[PDB]
Structure formats: structure tokens, C-alpha cells
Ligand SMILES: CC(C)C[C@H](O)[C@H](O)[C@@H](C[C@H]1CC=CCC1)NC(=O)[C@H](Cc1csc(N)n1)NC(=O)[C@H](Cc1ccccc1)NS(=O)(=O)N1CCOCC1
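Just the one chain here, laid out as C-alpha cells, in the form deposited without this ligand.
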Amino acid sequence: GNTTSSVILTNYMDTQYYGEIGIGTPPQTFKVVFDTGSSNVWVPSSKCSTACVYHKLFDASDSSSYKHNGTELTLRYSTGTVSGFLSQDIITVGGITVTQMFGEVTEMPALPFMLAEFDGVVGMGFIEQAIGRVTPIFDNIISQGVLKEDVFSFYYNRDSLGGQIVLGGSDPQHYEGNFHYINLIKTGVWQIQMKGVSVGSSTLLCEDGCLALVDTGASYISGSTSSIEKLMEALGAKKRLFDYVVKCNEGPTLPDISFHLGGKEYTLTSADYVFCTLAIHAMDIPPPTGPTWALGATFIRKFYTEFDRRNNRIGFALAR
């Protein structure tokens, strides 16, 4: 029984990578985002009034293992806000069935959520980021002692699979070379320490230290406005006008962008962030978590990442 489950993901235009999870007995299948940036799991309930219309609704009277809770919770995002109440039931993810407390969403905003191919979220975060300190699912599936190693990996594919999360190990057919691990700067968050950004073979941003949160939930690579407009400057630019847009003739032409992460240099070439829209955006993130950089999808695409709970580090390997 020393396990490894695999969940294959759908790639909704390099911006949304999502999966399927089953909730209850028997399972209601939901499409969800796996997010190292959040710590609560939520889905819309059949108690929902808006964009409830458009997504699968969780219905407790079809589950033999539901044990209601009812406590409120409002989960707030840089994009959304959602609220409901706490429910309890059985989640099934790639063949791990764990008993989870999760929020049954009763109010969803009609704009960001309407055009979201996903129904809810499973956060891959630390108990410390949990609203209500509801034991996040990974602490919980580790408690069950079924996995090979208390690590989970992610493959984000370029828009034949779309992507893939492996719990308990890593998938060698999808990375090449070897992992180099960087340690969490402080537990509670999946954040490492960055030593600069070479926006050339020369520019240098954060030639000091700056923080970098490894966030699966994020679609782009982000930095603070301040930081991001110096970087966009020394590159091609064209401020705003539906978000940092450059010349297409000189796309191939743009320089490399390198992150100095614990020793090695992680560089992405023009072809990894130029779509013409650029895959880099700004997002001043507030204390506690901000001010930080956010290596989201755009980064993962290029680097297969391993999040290690037993040693609280992050390893990366060349994706393939």
C-alpha cells in the first residue's frame, strides 16, 4: 500500500488547469483547481440562489456520509469572494478517500465566476491559511498514512493531456534531469526566497532578496506594480492596453528572464511568456503574504515542481 495517485488535468487556455474530485457517497464529480495559494476546499451547494446556474451544485440529500456543520465562512480572493457554510463528507481524489470539512458555497459573484470552467477549489496550502483553521486536505490525506512520501507534484502542459498532479510522488515521464530543492522561508506558506531577476544577461530586480510564492492557482508570473513596470520597461513594454502587449515581429527577439532560486538560475525564454500578450502581470499582494512575487502557471509550465511537506522545501526540474 505505499501509494501514489494521479489526477489528470484539463488545460483551459494556459490560464486554467483543473481536475475532477468526487464528494460523498456515491460521488458527485466536481471540476476543481488545485491551489498552493489557498487552504480551504469549496464547491457550490444546491442551496445556491448568479453563476450557480452554470456549475455543478453539491447535493447533500444524495450522500450517506454527509454530517452537516453549518458554521459560516466567507473565502476572499484577489479575483473573487465566496461564502457559505461548512459541510463534512468524503472526498475521493485520484483514489484516496479522505474525510474533509469543506464549504458549501451559497453565494458566488456573477462576474469572475461565470466564466470559470471550474466548480470549486481544493487548496494545497498550510493549516495557517485556512479560514476557520479547517484542516486542509493534504494534512488530512497524510494523516491516513497511505502515501509513499508526503509530497505532491504538478505538470502544467502547453496549450496531450493538459496537465497533471501526482500525490505521493513525481512522474518521471514528465520531468527531465534532477530536482534542485529550495527551502520554505517560513512554514504556513509555500514561499521561497528569491535572489534577483535578470531581465537580460544584465537587468537585476530584487538584487537583494524578494519573496516568491509558488502558486499553482495563478495563471501568470506576478510581481508588484512597481517591480513589474521596470521589468516591462527594459523589454518591449506597451503599458496596459489589455495587459502588457508587445510587438509581434520582435517576439523571438525578446531577451530571457531569469529567477535566481536557491543557487540555480531558472530561465524562461521569450517563447514561454510571450503568447501579442505577455504572460507576466503585476499584483501587489498584501502583508501578511505579500509583498511578494508569484510564480504561477507560466512558471510551472517550464518547471515541473515538487512541493515537499516532510522537509518543507520545493524542488523543480525541467518539465517535458
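So that the term is clear: the rigid core is the largest set of C-alpha atoms that superpose within 1.5 Å between two forms. In this text, residue numbers run from 1 along the sequence as written.
Could you find out if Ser160 - modelled in this structure - is missing from at least a third of the other PDB entries compared that contain residues on either side?
Other entries vs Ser160: at least a third skip it.
When the other PDB entries of this protein are compared, is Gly315 left blank in at least a third of them?
That residue is present in all of the other compared entries.
Scan the PDB entry between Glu176 and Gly177 and report the missing deposited residues as one of none, 1 to 3, 4 to 9, 10 or more.
Count of unmodelled residues in between: none.
Are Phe275 and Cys276 truly consecutive in the deposited sequence, or are residues between them missing coordinates? Give the number as none, 1 to 3, 4 to 9, or 10 or more.
Gap between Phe275 and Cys276: 4 to 9 unmodelled residues.
Quick check on the record: does 303 to 311 or 11 to 19 carry the larger mean Cα temperature factor?
The deposited B-factors put 11 to 19 ahead on the C-alpha mean.
Per the record, averaged over C-alpha atoms, which has the higher B-factor: 201 to 209 or 121 to 129?
For C-alpha atoms only, the mean B-factor is higher in 201 to 209.
Whose C-alpha has the highest temperature factor in the PDB entry: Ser258, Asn40, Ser64, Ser49?
By C-alpha B-factor in the record, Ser49 ranks first.
Using the entry's values, work out which of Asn249, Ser83, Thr92, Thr216 has the largest Cα B factor.
It is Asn249.
For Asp284, return the chain-relative third of its C-alpha B-factor as stated in the PDB record: lowest, middle or highest.
Its C-alpha B-factor, which the entry lists for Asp284, ranks in the highest third among residues of this chain.
Quick check on the deposited entry: does the C-alpha B-factor of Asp150 sit in the lowest, middle or highest third of its chain?
For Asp150, the deposited C-alpha B-factor lands in the lowest third.
Relative to the other modelled residues of the same chain, rank the CA B-factor of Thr269 and answer lowest, middle or highest third.
Its C-alpha B-factor belongs to the middle third of this chain's values.
Could you say whether, by C-alpha temperature factor, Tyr220 belongs to the lowest, middle or highest third of its chain?
Tercile = middle for this residue's CA B-factor.
Once the chain's modelled residues are ordered by C-alpha B factor and cut into thirds, is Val53 in the lowest, middle or highest one?
Top third by C-alpha B-factor.
There is another form of the same protein, the form deposited with this ligand bound; it is not shown, and what comes next is about it.
Classify as open or blocked. Procedure: superimpose site C-alphas, place this ligand with its pose in the deposited complex, test each ligand atom against backbone and C-beta atoms at 2.4 Å; 3 or more hits mean blocked.
Open.
Though this ligand is not shown, can you say which of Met283, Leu254, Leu268, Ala60 has a heavy atom within 4.5 Å of it in the deposited complex?
The option sitting close enough to the partner is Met283.
Which residue among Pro112, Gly196, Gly169, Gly236 has a heavy atom within 4.5 angstroms of this ligand in the deposited complex?
Partner contact (heavy atom, 4.5 Å) among the options: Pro112.
Of the listed stretches (214 to 222, 89 to 97, 171 to 179, 197 to 205), which one has a non-hydrogen atom within 4.5 Å of this ligand in the deposited complex?
Contact criterion met by 214 to 222 only.
Within 4.5 Å, heavy atoms only: does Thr25 come near this ligand in the deposited complex?
No - in the deposited complex, heavy atoms of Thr25 and this ligand never come within 4.5 Å of each other.
Does at least one non-hydrogen atom of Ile192 fall within 4.5 angstroms of this ligand in the deposited complex?
No, no contact at 4.5 Å.
Using a 4.5 angstroms cut-off on non-hydrogen atoms, would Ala116 count as touching this ligand in the deposited complex?
Within the cut-off, so yes.
Taking heavy atoms and a 4.5 Å cut-off, does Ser143 contact this ligand in the deposited complex?
No.
So which one of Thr203, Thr92, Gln88, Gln193 actually moves, Cα shift of 2 Å or more between the shown form and the other one once the core is superposed?
Result of the comparison: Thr203.
Does the C-alpha of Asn249 move 2 Å or more between the shown form and the other one once the rigid core is lined up?
Comparing the forms between the shown form and the other one, which are aligned on their rigid core, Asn249 does shift its C-alpha by 2 Å or more.
Using a rigid core superposition, assess whether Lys239 undergoes a CA shift of 2 Å or more between the shown form and the other one.
Where the cores coincide, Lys239 still shows a C-alpha shift between the shown form and the other one that is 2 Å or more.
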